[PDB]
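Read through the structure below, which is laid out as C-alpha cells, and then see the notes.
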Amino acid sequence: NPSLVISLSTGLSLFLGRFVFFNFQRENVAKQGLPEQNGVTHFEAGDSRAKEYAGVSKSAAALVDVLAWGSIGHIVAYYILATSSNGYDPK
Amino acid sequence: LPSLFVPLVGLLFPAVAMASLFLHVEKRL
Amino acid sequence: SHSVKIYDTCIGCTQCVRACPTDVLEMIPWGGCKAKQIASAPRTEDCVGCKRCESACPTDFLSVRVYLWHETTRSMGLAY
Amino acid sequence: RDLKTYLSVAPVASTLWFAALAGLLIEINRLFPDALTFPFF
Amino acid sequence: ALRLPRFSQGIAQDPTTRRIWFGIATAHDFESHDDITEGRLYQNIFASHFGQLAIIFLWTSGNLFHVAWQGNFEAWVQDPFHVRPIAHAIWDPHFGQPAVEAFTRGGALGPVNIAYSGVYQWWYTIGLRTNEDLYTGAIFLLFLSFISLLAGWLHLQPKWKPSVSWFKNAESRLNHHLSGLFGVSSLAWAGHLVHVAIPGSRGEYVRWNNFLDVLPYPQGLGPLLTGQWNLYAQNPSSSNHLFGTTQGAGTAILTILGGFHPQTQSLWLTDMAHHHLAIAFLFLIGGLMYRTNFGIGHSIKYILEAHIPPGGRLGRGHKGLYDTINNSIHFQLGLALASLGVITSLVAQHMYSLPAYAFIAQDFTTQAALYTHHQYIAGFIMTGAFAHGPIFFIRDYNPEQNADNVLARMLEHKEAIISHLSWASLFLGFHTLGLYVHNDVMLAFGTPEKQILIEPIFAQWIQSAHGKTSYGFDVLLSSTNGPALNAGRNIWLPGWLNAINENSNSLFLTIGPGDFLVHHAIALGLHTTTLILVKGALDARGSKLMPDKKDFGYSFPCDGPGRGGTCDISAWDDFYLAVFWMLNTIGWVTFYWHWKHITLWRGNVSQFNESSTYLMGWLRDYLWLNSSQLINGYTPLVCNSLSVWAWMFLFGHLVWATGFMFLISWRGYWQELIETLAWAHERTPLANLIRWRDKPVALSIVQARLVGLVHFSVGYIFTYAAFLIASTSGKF
Amino acid sequence: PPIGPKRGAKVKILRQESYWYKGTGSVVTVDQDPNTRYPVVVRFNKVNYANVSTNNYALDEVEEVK
Amino acid sequence: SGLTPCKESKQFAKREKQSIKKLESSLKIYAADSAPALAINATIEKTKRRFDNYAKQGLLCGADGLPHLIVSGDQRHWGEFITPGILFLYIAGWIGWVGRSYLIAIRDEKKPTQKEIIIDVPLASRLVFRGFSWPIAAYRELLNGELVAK
Amino acid sequence: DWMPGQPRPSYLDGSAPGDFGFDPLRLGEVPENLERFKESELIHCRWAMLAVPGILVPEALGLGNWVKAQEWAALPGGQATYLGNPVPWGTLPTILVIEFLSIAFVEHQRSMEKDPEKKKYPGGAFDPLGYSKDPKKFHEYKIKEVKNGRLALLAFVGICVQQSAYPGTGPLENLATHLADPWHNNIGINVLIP
Ligand code: CLA
Ligand code: CLA
Ligand code: CLA
Ligand SMILES: CC1=C(/C=C/C(C)=C/C=C/C(C)=C/C=C/C=C(C)/C=C/C=C(C)/C=C/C2=C(C)CCCC2(C)C)C(C)(C)CCC1
Ligand code: SF4
Ligand SMILES: [Ca+2]
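Residue numbers (our numbering), protein chains in the order written: chain A, 1 to 91; chain B, 92 to 120; chain C, 121 to 200; chain D, 201 to 241; chain E, 242 to 973; chain F, 974 to 1039; chain G, 1040 to 1189; chain H, 1190 to 1383.
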C-alpha cells in the first residue's frame, strides 16, 4: 500500500471533525470550561491562553483543531499501514 | 598514591566540620 | 512556656487548682454555672505540663487544657 | 450454701468448662486418632 | 532568630540540649518554620528538589568514576561468568597484613570490595565497554550535578522564583510529565538501544565519533516512514548468538520474541528497544488529555465534579476533591509515595524473574542483594505514604469543603474500616501461626504425615494459565485447543513457553504447601501494617479518648496519665508502631525469597519444600545452616575475606539491641539520673572550671521513640545484609 | 413554661466530643437559671474514661428520643 | 492435582516402612513380655492404622511422601476441607449465638456486669441448646438482627 | 402489578407503554435516568427485532450460522459473500471502515436531540405511513413495539446461550434437535452432566 492511505484517513478525519462531530465537541468544551484552581488559574500563573492564534477566518474551524484531527488521521492511518505488513496470522 | 585523601575525608574534614558546627551552634547573636 | 486554656464548660469544682504543683490556675468570679466561678491561667510561665489539672477535671471533656509549647527552664522542671 | 455455689460459676466456671472440653476432645482422639479428614460424608 | 535553629525562635530560646536535637529533626518541616508563607513553602521545596537531583547525579558519578579507576570491567567483559566485579579499592591503615591478603581479589593489585549492586551487568548490557566510556559518563553526571545546583540557586532569586499558582497548574505539568518526562525520555532511550546497545551486542562499537555515518539498520529508516515496520523484525539474532560478537548476530532492531537470550539468560535487547518505543506512544498521546492554552483538553476539576453516582451511594462523590489535593502537598506526597512504593515492589518481583541485564542471573549474590534492597525501600516508602496521609488530615483537610464526598465518608465510617482490618489480621494470624505450630508438633512427635499441607492450587492454576506444564490442569496456554494460545501462536509464545518451562530460571517457580503458608504470613504482614497505619490516619483528628487530637498536631508525646493513660496516642506514634510490623513483613518476604533461591541454586529445592512447612525448619535449615561460613569470617585460628560481614553481622545485632534501651526504658528515669550528674560536675574540683553552655537533659518522649526505632531499623537492615551477602557469596 | 426537656425524658447527645456521643441518657434536672451556659445535667448507664456518669449540656446539644 | 494418590506413592510407603523400623528397633532392648514392648507395639499398630486410613481415603501425596490437601472445592476432597469446615461454622455460630443470647438476657438488669463475672448458670443452661438451631438467626436477620442506632 | 400481588413501585403508574411495574432494583428511581432508559430499551429492542430475522432467515437457506458468516473475516482475503458472490467490498478493512463511518454518523445524529430524543419516537421521515396520526391508535402501537421488542431481545439471548455450549450452533437447527427427541434433548441435559 502507498502513502495515499495517509491522505484518505487524515482527510476523512478532518472531514469528520469539521462537519460531523464539530458541534458536539464544542458543546462539551464549553461545559468543561478551562481549568481553575480555586478559580481560573490565570491569577498568578504568568501563562494564559493565546486568543489570537486560536482565532480563524473560516466559518467554524481553527488551526488547533486541524492539528488534532490530522493527528488522529495520521495515527489511524499509520495504524492500518502497519497491521498490513505484519502479516500476522491467527487460528 | 592518591589514597591519601582518606585521612582528609576521614579526619580533617570531620574535625573542621565539627568545630565549625560547634561554633555556629553556640553562637549568641 | 506552655499554653493553658479554660472553657465555659467549666463547672467551678476547682479541682485543678488544687491539683496543680506550680500554682498556675486560680478561680475567678463568673455567672455561667451554679458555682459562679471559673478557672483561669494567669501564670502559664510557671507551668510544667504534668497535666495533673486535666487528670482532675470532671467535665465530659476537659474544660482545662494544656497545650505543650516552647520549652523554658521553668517548664523543663530544672533545679539546675 | 448458695454462697458456695456463688464461689463457683466465677472463673472456676471457665476451668470446669475447659476441663470438660479437654476431656471430651481427648477421648475423641483416643477413639479417632490421627484424623486428617472427615471420612464419613 | 538569634541562634540555631533560626527557622524557629521558640526552640532557640531553649536553654537545654534539646534545642540542638530538635533543630536538626525539624529543618525540613518548612511549614512549622517561623514566618512561613505558601510562597516560601513551594520555593524551598522546589529548590530542595534540585539539590536532591544534584546529589543523585553526583552519587552515580562516583560509582562510575571508581569502577573505571579501581575496577576491572574490561576484564569482566571478556569473562562475565568467571570474573568478580570490583566495587572499589580498600585503603585502611587498621588492616592487618592478613586482611590485606585475604581481601585482594578479582585480580586487583590491592585489597578491594566486590560489587553486588549489578552495575557491571547493567553497563555492559547498556553498551559501555571500556573505562574511557565510564569516565566521560562520570564527567557528564558531574556536569548534570552542577547545573542542578545552578538551577536550584536560580529559582531562589526574586526574578526567577515561580508563583504558587504556577505550582498549582496541574493539567500543564501532567501534560508534560506524561508526554515529555515519560514519553520522550522512553522514546529517546529506545534510540540509544538501537544505535549503541544492540549494535554493541553484535560486535560493532558505536560511540559519538561514528554514530552519524553508520546505519542501525540496512534499510535505514526507509520502512519506518513507509509504514512497513515489519522489516525491522525480519532477521533477529540466532539461538546460537554470542553477546558482544557477530557469531549468530542478526540485523533486527525491533522484535517481540519473548523469553531469554540463551547465552546471557536475559531479555532480548531487541525486545527492550521495541518495548520502550511502544511505551513512548501511549505516553506521548497520553500527555495530550488535559487543557492548557490551546482551547482543547480536559478540566480535571470538572471530571471529578461529574463523577457522582445517582442514588447518592457515594454522597457527593469526588466534588471539591481537586482543590483538596492541589492545595495539600501532603496529599500529593502520599499519593506519590504509595504509587512509587507499589512499582518499587513491582520492580523487585520482575527483575529476579525476568532479568534484563546480560549475565545478571548467574550472579546469585547480586540477584539476592537487589531484590532485598528494593523490598525494604518499597516497604519504607509505603509507611511514609501512610504517614503524610494522616498529616494531610491534620494540617490541610478542610471538613466543610469536603462535605459528604468520598474522602469525608472514610472518616464517617472509620470504625467499620478499622474493625474489619482487625478481623482480617486476626483471622490470618490465628491460622497461619496455628498451622505452623501444628506441623512443628508433628515433626516433634516424629509424625510428618500428620501435618496440614494445603496445596496452593489457585496460584498453581495461574501458572498453568501462563503455560507452565507442571500440575497439568489443561488451562489456557497450557491447552492445545485454546483460543488464547492460537492467538499468540508463534509470536512471543515460543520464547515465553520455553522460558517459563526452563527449570533453571526464576520464571514462575514451582510452588507447594510450604509456599502456601509463607504467603499467608505475608498476607498477615500486609493487613496488620495497613491496619496500624490507616487506624492512625483515620484517628489523627480525634477519637473517644482524645476528641481533639488535632490542635495538638501530628507528633506529640501524649496526653498525660488521665482518662486511663494515653501513651502512643498520636498519629506519629502508630507510624512508629507500623514500621516494626513493616520490618517484620519485609523480613518474612526476603527470608522466603532467599531460602527458595539458595536451595534452587544449590539444586536442592527438596530441602525448602520439606522444611518450610514447619518453623523449626526455618530456624535450623535456613538461618542456622547458612550462618556457617559467615560466623567463621574471623576465627581463633584465622581470618577470611568474609570477616567484614562477620563483623557487620554483630554490629547489626549491637545497634538493634541498643535501640531496645530507648524503646523499653522511658524518660523520667534518665532525667533524674542526669540531674545527679549535673550535681557531680559542679562539685568536682578542676572540672567545674569548665561549664556547659547547653543544659544537659534527657531525650524527649518522642525523640526516644525515634532514636530507638532508628537503631532497631539500622540493626535490622545491617544484620540481614551481613547474612544475605555472606551466605550467598561464600557459596555463590 | 418550664425551661427544658422533661425530667423523665431520655435524650441523644450532640456534643461530638462527648464520650456518649451518638448515644442516649436520661436527664436528671434542668437548671432554671438563665445565663447558665450548660444546664440539662444527664447521667449514663455506662462510665466514661474519667470514671464519671454525668455531665451538663447545652439545650441545642440534646435531642429528645423515644 | 499434580500429585499422585497416596495409595500409589512410593515415598508414602517408604515413610510407613521407615517409621515402623524405628519403633521396632526400640522393641529389641525391652525383650518380649513387657510393658514398654506392649506400649511400642501399640504405637506400631497405631502407625499402620494411620497410613492405612490416609491411603484408604484417597488423599493425594506430594513428592515429599506426605499427604497434601485440596481446598479448591473439588468434590473428591470435601472431606479434606469443606465438610469439616461447615462443621466448624456450625459450632462457631452456636457458641457465638448462645453467647449473644446471654448478654441480651443480662443487659436489661440490675448490675449487668455482675452476671458477666459471675455466671448465671441456670440461665446459661437454658440458652445453650438454642445454638442447635442458631442458623435460624437468619430469620432474626430479616428483622432484629443488628442495631439501627449505628 | 405484573408480579401478581406485589406492590407497584411509586414512579410507574402504568401509564408508560410497556409499563408492567417491573424494577426490582429501582434503577428508575431517578427520572432523568429512567427517561434515558426508556429510550435505550427501544433502541436495544429495535435492533433485536432486526437481528433475529437477520440470523434466522439465512439459516433456513444457506446461512448455516450467524457464526459461520463471521468465519471468513478471520482469515486473510475473506472475501466473504452475500449470496455465493464475493464482494463487492469484500475485505474486512473496507467493511470496517464503511461500517464505522456509516454508523457513527447515523447514531451521533441521535446525539443531537432534545425533546426527549424526539420522545424516542422521532416520527419524521420515519413515520411515512404516519401511523402516529391518531393518538389513541399511536399508543396501542407503542405497546406492540415494546412487547415485540422485548420478545425479540429475549430470543436473541437464548440464541447466544444456546449458541454457547452448542458451538455446533443451530438456533433453528437445535429446535430440530429438540423436536426429534424432545424428551432426551433439552436444556436439562445441558444444565447437568454427561
Ligand atoms: C577514617 C578515619 C580514620 C583514619 C584515617 C584513622 C587512622 C588511624 N588510626 Mg583511628 N579510629 C577511627 C578512625 C580513623 N582512624 C574511629 C572512628 C575510631 C573509633 C573506633 C578510631 C580508633 C583508633 C584507635 C584506638 C587507634 C587508632 C589508630 C589509628 C592509626 C593506626 C595506623 C598506624 O598504626 O600507623 C601509625 C601509628 C602512629 C601512632 C602514628 C601517629 C600519627 C601522627 C601522630 C599524626 C599526627 C597527629 C595529627 C596530625 C593530629 C590530628 C589533626 C587533625 C584532627 C586536624 C591510623 C593513623 C591507632 C593509633 O593511632 O596508635 C596509637 C590506635 O591506637 N584508631
Ligand atoms: C519523598 C520522600 C519524602 C519527603 C520529601 C518527606 C518529607 C517530610 N517528612 Mg516524611 N517519610 C518518608 C518520605 C518522605 N518524607 C518515608 C519513606 C517515611 C517512612 C520511613 C517517612 C516518615 C515520616 C515521619 C514519621 C515524619 C515525616 C516528616 C516529614 C517532614 C519533615 C522532615 C524533617 O524535617 O525531618 C528531618 C529528618 C532528619 C534530620 C533525618 C534524621 C533521622 C533519620 C531517619 C536518621 C538517619 C538514618 C541513619 C542515621 C542511617 C545511618 C546509619 C549508619 C550506621 C549507616 C517533611 C515534609 C515529619 C513530619 O510529619 O513533620 C512534622 C514526621 O514526623 N516523615
Ligand atoms: C512475636 C511477637 C508478636 C506477636 C505474636 C504479635 C501479635 C499480634 N499483634 Mg503485635 N507487635 C509486636 C510483636 C508481636 N505481635 C512488636 C514488637 C510491635 C511493635 C510495638 C507490635 C505492634 C503491633 C500493633 C500496633 C498491632 C499489633 C497487632 C497484633 C495482633 C495482630 C492480629 C493477629 O495476628 O491475630 C492473631 C493473634 C495472635 C497471632 C496472638 C495470639 C497468641 C496465641 C496463639 C493465642 C492463643 C493462646 C493459647 C490458648 C495459649 C494460652 C496461654 C495461657 C497461659 C492462657 C496480634 C495479636 C495489631 C492488632 O491489635 O490486631 C487487631 C495491632 O494493631 N502489633
Ligand atoms: C490488567 C491486569 C491485572 C490488573 C489488576 C489490577 C486491576 C490491578 C491492580 C491494582 C490495585 C487496586 C492496586 C492498589 C493499591 C493501593 C495502595 C497501595 C493504597 C494506598 C494508599 C495510601 C497510602 C493512601 C493514603 C491517604 C490517606 C490514608 C488519607 C487520604 C490521602 C491519601 C490518599 C494519601 C491482573 C493482575 C488482574 C491480570 C494481569 C494484568
Ligand atoms: S499542667 Fe501541671 S502545671 Fe501546668 S497547669 Fe495543669 S497542673 Fe499546673
Ligand atoms: Ca521456570
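For every residue, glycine included, the Cβ atom is placed at its ideal position computed from N, Cα and C.
Test: residue i CB closer than 9 Å to a CB of chain E
i, result
"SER999/F", "no"
"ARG1054/G", "yes"
"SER175/C", "yes"
"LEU102/B", "no"
"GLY1041/G", "yes"
"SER111/B", "no"
Presumed contact (8 Å Cβ cut-off) between residue i and residue j, rounded CB distance
i, j, result
"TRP836/E", "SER853/E", "7 Å"
"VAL209/D", "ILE1134/G", "Rounded, the Cβ-Cβ distance is 18 Å, inconsistent with contact."
"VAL1335/H", "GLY1207/H", "3 Å"
Cβ-heavy atom distance, residue i to ligand 1, below 8 Å
i, result
"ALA161/C", "no"
"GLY491/E", "no"
Test: residue i CB closer than 9 Å to a CB of chain G
i, result
"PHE218/D", "no"
Residue i CB to nearest heavy atom of ligand 4 below 8 Å
i, result
"residue 1051/E", "No answer is possible for residue 1051/E: it lies beyond the span of chain E, which begins at 242 and ends at 973."
"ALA579/E", "yes"
C-beta neighbour in chain D for residue i, strict 9 Å
i, result
"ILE1083/G", "no"
"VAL1160/G", "yes"
C-beta neighbour in chain H for residue i, strict 9 Å
i, result
"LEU4/A", "no"
"residue 190/E", "What the structure shows of chain E is the stretch from 242 to 973, and residue 190/E is not part of that stretch, so it cannot be assessed."
Residue i at chain F interface by Cβ criterion, 9 Å
i, result
"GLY561/E", "no"
Contact test: residue i Cβ vs ligand 6 heavy atom, cutoff 8 Å
i, result
"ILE703/E", "no"
Cutoff 9 Å: residue i Cβ touching any chain C Cβ
i, result
"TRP907/E", "no"
Closer than 8 Å: residue i CB and nearest ligand 2 heavy atom
i, result
"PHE621/E", "yes"
"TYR617/E", "no"
DSSP beta-bridge partners of residue i
i, result
"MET147/C", "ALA159/C"
"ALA330/E", "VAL353/E"
"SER123/C", "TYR187/C"
"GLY998/F", "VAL984/F"
"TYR531/E", "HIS539/E"
Any non-hydrogen atom of ligand 3 within 8 Å of residue i CB
i, result
"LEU772/E", "yes"
Closer than 9 Å to chain A by CB, residue i
i, result
"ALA411/E", "yes"
Residue ranges of each beta strand (DSSP E) within the region 764-848 of chain E, 3 or longer: none
Within the region 860-886 of chain E, note down every full alpha helix (DSSP H) run reaching 4 residues or more, in order along the chain. none
Can you list the alpha helix (DSSP H) stretches of 4 or more residues lying completely in the region 559-615 of chain E, in chain order? 562-567, 570-592
Please list, in chain order, the residues of the region 128-146 of chain C that have any C-beta partner in chain J closer than 8 Å. Checking the listed chains, one finds no chain J in this structure; the protein chains it contains are A, B, C, D, E, F, G and H.
Minimum length 4: unbroken alpha helix (DSSP H) runs contained in the region 1235-1275 of chain H: 1255-1263
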